[PDB]
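Asker: here is the input, now give the coordinates:
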Amino acid sequence: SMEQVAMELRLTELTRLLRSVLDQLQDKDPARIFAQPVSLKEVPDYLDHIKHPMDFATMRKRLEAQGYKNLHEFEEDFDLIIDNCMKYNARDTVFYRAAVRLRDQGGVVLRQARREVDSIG
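Answerer: Numbering: from 1, shown residues only. Sure, structure below:
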C-alpha cells in the first residue's frame, strides 16, 4: 500500500534525524567511555548489578535497523547509558563524572530534537 510506503518514508526520516542526534551526543563523550558495551570478560559481575546494559554502538545497530519508532524510545536508551553508569560507579570516579557531563550536555541536543520531531511531524 501507498500508506505503508509514506509511513516508511517518515520512519526513514526519523532515522535520519536520530542519526544526527546520536552523533552529537557521542561527540559529548570524547573519552569514549560509552562507545561499546561494558565487557563481561573484564567486569564478570556486571549483569548482577545492571539488568539492561546500554552503549552507543548497541544504539547505533538498532538505529540502522530502523528499530526506533519514536524519539521517546531513543531517549530511553540514552538514559540507560547514563543511569547504568551512575549506579555501578561511585560519585568520585571518572566514569560517574563522565555520565553527569554527558547528561548535562546531551540535554540541550535532546531539547531541540523534541522540537524538530514535533515540528516536522
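Asker: just want the most central residue of the chain.
Answerer: residue 78 (3.1 Å; CA atoms, centre = their mean).
Asker: which other residues reach the strand or helix carrying that residue?
Answerer: Per DSSP states H and E, residue 78 falls inside helix 71-88. Contacts with helix 71-88, where a contact means CB atoms under 8 Å, 6 or more residues apart in numbering, come from 14, 18, 21-22, 25, 33-34, 38, 46, 49-50, 52-56, 58-59, 62-63, 68, 95-96, 98-100, 102-103, 106, 110, 113-114, 117. To be clear about C-beta, it is placed using only N, CA and C from the backbone, and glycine gets the same treatment.
Asker: just the buried residues of it, please?
Answerer: Neighbour-count burial for helix 71-88, counted by 16 or more other CB atoms under 10 Å, picks out 71, 74-75, 77-78, 80-82, 84-86, 88.
Asker: could you do stretch 37-45 as well?
Answerer: Those would be residue 38, for stretch 37-45 by 16+ other CB under 10 Å.
Asker: re earlier: which of the contacts of helix 71-88 fall within helices?
Answerer: 14, 18, 21-22, 25, 46, 49, 56, 58-59, 62-63, 95-96, 98-100, 102-103, 106, 110, 113-114, 117 (DSSP state H).
Asker: write a ChimeraX command that selects only the buried members of these.
Answerer: The buried residues among those can be selected in ChimeraX (16+ other CB under 10 Å) with this line:
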select :14,18,21,22,25,56,59,63,96,98,99,102,103,106,110,113,117
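Asker: returning to that earlier point: need the buried residues of helix 71-88 in TSV with distance to residue 42, can you?
Answerer: Output for those, formatted as TSV (distance: CB to CB, whole Å):
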residue	distance to residue 42
71	33
74	28
75	28
77	22
78	23
80	19
81	18
82	20
84	15
85	15
86	19
88	13
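Asker: is residue 46 in contact with residue 40, as I believe?
Answerer: Yes. Counting by CB atoms under 8 Å, residue 46 does reach residue 40; the two are 5.8 Å apart.
Asker: where's residue 115 relative to residue 109, distance?
Answerer: 11 Å (CB to CB, to the nearest Å).
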